[PDB]
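Reading through the C-alpha cells given below for one structure.
Throughout, a chain's letter reflects where its sequence line sits, starting with A, and its residues are numbered from 1. Worth knowing before you read on, the calculation uses all heavy atoms, side chains too, and leaves out hydrogens, waters and symmetry mates.
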Amino acid sequence: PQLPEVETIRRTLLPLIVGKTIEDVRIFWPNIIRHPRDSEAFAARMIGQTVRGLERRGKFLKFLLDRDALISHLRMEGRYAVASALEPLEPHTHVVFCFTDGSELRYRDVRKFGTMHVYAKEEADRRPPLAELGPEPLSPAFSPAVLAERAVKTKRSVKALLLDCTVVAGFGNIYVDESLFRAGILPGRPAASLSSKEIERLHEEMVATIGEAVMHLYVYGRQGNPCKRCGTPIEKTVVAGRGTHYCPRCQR
DNA sequence: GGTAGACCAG
DNA sequence: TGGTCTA
Ligand SMILES: [Zn+2]
C-alpha cells in the first residue's frame, strides 16, 4: 500500500478497534515480528492492553495501546481486517490480535514482507523503524527549503533522493515517478543539478500528487504507451535500482 | 556518506 | 518487481 492507502487504512481501521482490549496474540510467521525479537515476548506484553488510538507516520501505522505502541509496515501486499474469531482465517494470515469481545484484528501478507515493532509509547519515536524518518510530505516540516538543503548536499540522482526515507516520509516509487513527470524533471538528473525553481516545482508537485491521492497515472507502468501530455512514447529504464518511467520530451 | 546486502512468492 | 532496515 502507498501512503494514501495507508492513511485510508488508518482512518477506517480506528473505529473498528478503538476501545477493544487484547486478550490474545497469535503469530504464524514469527519473522514479521522485529521487536521485541522474541515473538513470544511480543505476544505476552500486548495482552490486557486496550487500543486507544491509531496514527500514521510515512507508510507506518502506529497502534497506540495503554503502555505500548505497535509500529506496523505492510510493505507491498500486507493488509489488515477486523472480523469474528468464529470464522476461518483467510489465506496468508500471519498475525492475529484477539480482542475480549470476540473480534480479531488480522494481518495478512502473501509476500510475508511486512514488519511489526512494539515499544513503550514514549520510546517508539526514537527507535527503529520510526527513528530518522523524515517529515510528513503533507506537513509544513517538509518544505522547499528542506528539500533544497538535502539536494545540494548529495551527488545522487533526484530519484534516489526522493526515495530516501530520511528526506521525506513514505514517498514510494510510483509517486516519485509521477511527481518528477509532473515537475518536468528527468529522474536520472543529479539532485545537485536541480535549480532552485526546479526544487520549488518538485516540492509543489510532490505535495499535490500525494495530497490529491489521500483525498490516473502519467508515466508509471505506461512504458511503450503515448505520453498523455505530448504523445511521445513513455520510456522505462532503471534508476536507483528501480523501475523508472518517464517521458523523454516532457522531462528534462 | 554510500550502495548491496536481507526478506518473500506470484 | 518493491521498501526499509542492517552491514
Ligand atoms: Zn510527454
May I ask you to evaluate whether [X] reaches the phosphate of [N], defined as a side-chain N or O under 4.0 Å from OP1 or OP2?
X: A/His73; N: C/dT4; result: yes
X: A/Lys59; N: C/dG3; result: yes
X: A/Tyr175; N: C/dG3; result: no
X: A/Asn173; N: C/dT1; result: no
X: A/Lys112; N: B/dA9; result: yes
X: A/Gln2; N: C/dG3; result: yes
X: A/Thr154; N: B/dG2; result: yes
X: A/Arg242; N: C/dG3; result: yes
X: A/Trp29; N: B/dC8; result: yes

Minimum heavy-atom distance A/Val146-A/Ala141, with the two atoms named
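So the minimum-distance heavy-atom pair works out to CG2-O, 3.4 Å.
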Span that lies between the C1' atom of C/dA7 and that of B/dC7, in whole angstrom
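15 Å, rounded to whole Å.
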Are the charged groups of A/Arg79 and A/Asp109 less than 4.0 angstrom apart, N to O?
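No, A/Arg79 and A/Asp109 are not salt-bridged.
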Between A/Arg111 and A/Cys165, which is nearer to the 5' end of DNA chain C once each is assigned its nearest nucleotide?
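First, find each residue's nearest nucleotide; the 5'-ward one identifies A/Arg111.
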Given A/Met116, which of A/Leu70, A/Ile71, A/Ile27 fulfils the side chain to side chain contact (heavy atoms under 4.5 Å, CB included) condition?
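Output: one option passes, namely A/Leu70.
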Using a cut-off of 4.0 Å on non-hydrogen atoms, how would the nucleic acid contact of A/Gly241 be classed: base, sugar-phosphate, or nothing?
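Since no nucleic acid heavy atom lies under 4.0 Å of A/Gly241, the category is nothing.
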State whether the side chain of A/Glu178 and the backbone N or O of A/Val219 hold a donor-acceptor pair below 3.5 Å, judged by distance alone.
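Side chain of A/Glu178 to backbone of A/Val219, a donor-acceptor pair under 3.5 Å: yes, one is there.
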Looking at the base of C/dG2, is there any donor atom on it, or on the side chain of A/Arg75, that sits under 3.5 Å from an acceptor on the other one?
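No such pair is found, so the answer is no.
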